[PDB]
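These notes concern the structure reproduced below.
To find a chain, count down the sequence lines: A is the first, B the second, and so on, and within it residues start at 1. Just follow the structure's listing: the first ligand is 1, and inside any ligand the first atom is 1.
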2 protein chains.
Amino acid sequence: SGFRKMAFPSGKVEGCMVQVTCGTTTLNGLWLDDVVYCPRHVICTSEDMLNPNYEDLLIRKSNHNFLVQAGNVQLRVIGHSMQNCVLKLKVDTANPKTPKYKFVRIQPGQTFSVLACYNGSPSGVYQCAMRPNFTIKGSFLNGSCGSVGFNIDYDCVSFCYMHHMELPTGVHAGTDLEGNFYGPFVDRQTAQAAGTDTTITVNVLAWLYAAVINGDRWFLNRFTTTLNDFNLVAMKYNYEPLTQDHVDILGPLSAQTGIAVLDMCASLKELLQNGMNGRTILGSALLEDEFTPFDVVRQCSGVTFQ
Amino acid sequence: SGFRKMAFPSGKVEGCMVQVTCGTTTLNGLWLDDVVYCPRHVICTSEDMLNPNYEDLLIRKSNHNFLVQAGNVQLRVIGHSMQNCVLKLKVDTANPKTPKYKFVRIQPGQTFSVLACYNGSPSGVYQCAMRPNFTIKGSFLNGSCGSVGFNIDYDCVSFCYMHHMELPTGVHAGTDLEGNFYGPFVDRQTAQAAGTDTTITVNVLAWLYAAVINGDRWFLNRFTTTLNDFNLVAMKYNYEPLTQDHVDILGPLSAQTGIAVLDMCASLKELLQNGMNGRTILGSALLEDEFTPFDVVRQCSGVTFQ
Ligand SMILES: FC(F)(F)c1cc(-c2ccncc2)[nH]n1
Ligand SMILES: [Cl-]
Ligand code: NA
Ligand code: NA
């Protein structure tokens with residue numbers, strides 16, 4: 001029993017973290033096969049950041065301008081190029097610890113583990129969701145750029161996030177490993193803001209199912225509803241629309257717990273309209289939306305990643 | 001910015017997890033140098049649950065009764081001995097992945113990371129705290145016994161918990177790595193129940209300091225309190241006593257934020273009286289008690305956001 005915000009074991013990714021220095025700027029890089037990936041803004045001075053021309057800034061750099069340290073061992077950079085907003089540093093040795101991996105771009109609502117890193121050295125791991133407004137509510141300090149986010153699907157590490165910047169509200173923005181930003185953000189020191197966020201409805205439902213599985217049942221009721229009725233309520237309370245595909249995905253959990261999705265939706269409707277009346281669910285006084293249906297199934301079944 | 005429940009990177013512990021089988025029972029072992037540590041109750045049978053005599057059960061075992069699998073590899077058991085409630089299996093291979101490590105017994109309120117494992121293979125990582133009633137609120141399924149809790153200071157892993165059992169309330173009990181149980185529990189299936197749990201006051205205070213460091217001041221007030229009046233109030237809310245040790249411990253956070261410890265105590269008293277009135281603190285609608293003063297300093301900036 002029990003249900004905790006759980007990250008993937010981070011060992012396979014720790015073996016890929018390196019330190020990248022260019023001029024006075026040090027940040028983190030991801031070392032896979034013979035390439036080190038890091039944010040292209042590593043080449044900018046402070047005034048460069050105000051309005052960077054990245055191709056122009058890069059041509060002035062030689063390979064020896066990029067100092068890369070894997071542990072206490074230096075790596076020899078033998079080539080460099082840009083792909084969208086990530087710099088690719090070709091090195092002279094393949095990473096002997098390279099895991100089985102893919103680069104994948106995730107959808108808002110999906111979760112991933114972040115390996116927070118400083119000076120190429122992993123410092124912590126935590127679980128995040130890509131918010132509907134394409135930010136993440138991370139925890140990062142200066143020096144954390146180039147830290148990465150990932151899932152493990154069977155034995156393959158799926159890399160989905162590289163950290164680039166913090167927005168004025170304290171939430172965070174970055175790219176996939178092909179350098180495409182999540183959200184309408186640019187890697188430049190200019191005025192940028194998180195858009196208004198919404199709650200991930202299918203994840204809240206998944207977490208209610210997790211609650212029921214763990215004996216927390218007070219919010220269940222006799223009522224059911226319809227998609228169109230419930231989605232009217234969701235829109236009123238700034239919840240994402242629930243689609244038929246979400247209902248299908250929650251299917252397993254509906255049959256296991258005996259609570260149909262629209263039955264559970266009636267529970268969520270009543271919670272949104274009346275609150276919790278002093279009670280908690282899985283130890284929380286707010287409705288939690290950073291567990292996907294797959295997260296709930298996996299934690300409540302013990303899937304492993306050796 | 002940001003503030004998240006953050007675990008240590010697990011890789012150094014992942015490289016130590018093995019599977020231990022005895023009879024029909026399989027669970028996890030921790031492989032360090034040439035010793036594998038696991039719960040002694042792996043040698044119990046179905047009729048041994050209530051009043052096992054471990055000394056009598058163990059004397060009947062030979063080294064080849066213990067099967068230890070590390071990855072795809074059988075390790076050879078060349079010796080065994082029992083220390084309190086843990087079994088130490090001597091094996092014919094030192095673990096080449098053994099980190100710098102030590103064994104530390106922790107006090108209630110301390111936090112640590114848990115690497116949940118099944119069949120010797122890691123499933124997930126999360127953060128826990130040793131409750132005042134000597135249980136932990138974990139996420140553990142059948143087969144998770146032998147999973148460990150740890151901190152990582154510099155590059156050194158301090159092992160502080162090994163999981164032995166789940167109590168009827170769904171919380172968890174276990175030992176240090178010397179096999180001594182936390183709290184009054186025993187590795188028997190006789191009726192035992194956790195004491196009434198209380199809130200870790202010094203940790204709530206730490207987390208309020210984290211909220212100020214990250215720029216939130218809404219809950220402060222113009223008042224202060226004596227230590228004794230605070231404790232008289234807080235105990236009525238099932239909060240642990242705050243000692244002068246705790247006040248001393250909070251000195252650094254107090255100095256960083258400019259809020260005297262006893263002034264922060266006055267804020268907490270008011271929060272217990274008023275609730276949050278629809279507001280949140282670091283994203284929670286409840287007061288969080290599983291961040292220590294040491295945790296806050298490690299995760300937060302050294303510069304307060306005024
Ligand atoms: F044997 C049972 F009854 F199937 C079983 C035991 C556990 C468990 C849960 C958490 N920690 C340790 C063990 N789950 N289920
Ligand atoms: Cl109805
Ligand atoms: Na219902
Ligand atoms: Na293993």
Side-chain angles (χ1 to χ4, degrees), chain A residues 1-4 9 11-12 155 205 208-209 212-215 217-226 229-230 233 254 257-274 299-302 304-306, chain B residues 10-21 24-32 36 38-39 41-42 44-46 49 68-75 95-98 114-123 128 135-149 161-175 185 187 189:
Chain A
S1 327
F3 197 74
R4 280 268 192 182
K12 289 163 185 277
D155 77 303
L205 286 174
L208 291 179
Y209 279 110
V212 175
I213 289 171
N214 282 87
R217 298 177 74 91
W218 63 261
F219 50 84
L220 297 185
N221 62 39
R222 68 154 63 229
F223 307 109
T224 194
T225 187
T226 67
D229 287 336
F230 176 71
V233 173
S254 165
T257 66
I259 307 132
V261 179
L262 290 169
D263 182 3
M264 196 54 93
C265 280
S267 281
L268 178 46
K269 176 166 82 143
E270 295 313 308
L271 287 164
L272 285 177
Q273 303 176 334
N274 302 280
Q299 178 165 172
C300 307
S301 86
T304 57
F305 316 89
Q306 211 247 338
Chain B
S10 56
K12 299 194 171 30
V13 181
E14 288 172 55
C16 298
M17 310 292 322
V18 300
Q19 178 185 246
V20 179
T21 301
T24 55
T25 301
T26 288
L27 43 65
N28 307 278
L30 178 73
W31 180 23
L32 298 169
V36 168
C38 73
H41 71 64
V42 72
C44 293
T45 78
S46 34
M49 290 306 105
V68 177
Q69 191 176 323
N72 231 26
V73 166
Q74 292 338 84
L75 294 183
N95 185 359
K97 303 189 164 143
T98 299
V114 167
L115 181 70
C117 299
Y118 301 88
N119 302 111
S121 83
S123 158
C128 267
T135 66
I136 73 174
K137 295 162 119 292
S139 175
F140 291 124
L141 300 173
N142 184 43
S144 60
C145 300
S147 300
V148 299
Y161 179 87
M162 184 176 264
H163 180 54
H164 289 240
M165 41 177 207
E166 182 172 296
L167 299 171
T169 45
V171 302
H172 306 106
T175 70
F185 308 109
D187 48 3
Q189 296 246 29

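Judged by distance alone, the side chains of B/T26 and B/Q19 never bring a donor and an acceptor atom under 3.5 Å apart. B/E166 and A/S1 form a side-chain donor-acceptor contact under 3.5 Å, judged by distance and modelled atom types alone. In the model, B/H164 has a side-chain atom that pairs as donor or acceptor with a side-chain atom of B/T175 under 3.5 Å.
Looking at atom 10 (C) of ligand 1, its nearest protein heavy atom turns out to be B/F140 O, 3.3 Å.
For the pair A/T304/B/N119, no side-chain contact is recorded, criterion being any heavy-atom separation below 4.5 Å from C-beta on. Proximity of B/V13 to B/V148: side-chain heavy atoms (C-beta onward) are separated by under 4.5 Å at one or more points. Contact check for B/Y118 versus B/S147: no side-chain heavy atoms found under the 4.5 Å cut-off.
Residue A/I259 comes nearest to A/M264 through the heavy atom pair CG2-N, 3.7 Å, listed as atom of the first residue, atom of the second, then distance. Taking both residues in full, the closest heavy atoms of A/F219 and A/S267 are given as O-OG, 2.9 Å, listed atom of the first, atom of the second, then distance.
Residue contact annotation: B/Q19 places no N/O/S atom under 3.0 Å from the Na ion (ligand 4).
Of the protein's heavy atoms, at least one falls inside 4.0 Å of atom 1 (F) of ligand 1.
If you look at A/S1 next to ligand 1, there are no close heavy atoms at all, none under 4.0 Å.
The name of the N, O or S atom in A/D263 nearest to the Na ion (ligand 3) is OD1.
The closest heavy-atom contact to atom 11 (N) of ligand 1, among the options B/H172, B/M165, B/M49, B/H163, comes from B/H163. Relative to atom 5 (C) of ligand 1, the option among B/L167, B/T25, B/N142 with the closest non-hydrogen atom is B/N142.
Close contacts of ligand 1 with B/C145, meaning ligand atoms under 4.0 Å from a residue heavy atom, involve 12 (C). For ligand 1, the atoms sitting less than 4.0 Å from at least one non-hydrogen atom of B/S144 are 11 (N), 12 (C), numbered in the order shown with element in parentheses.
At the Na ion (ligand 4), the angle from O in B/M17 to O in B/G120 is 90° when rounded to 10°. Between the O atom of A/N221 and the O atom of A/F223, the angle centred on the Na ion (ligand 3) amounts to 110° when rounded to 10°.
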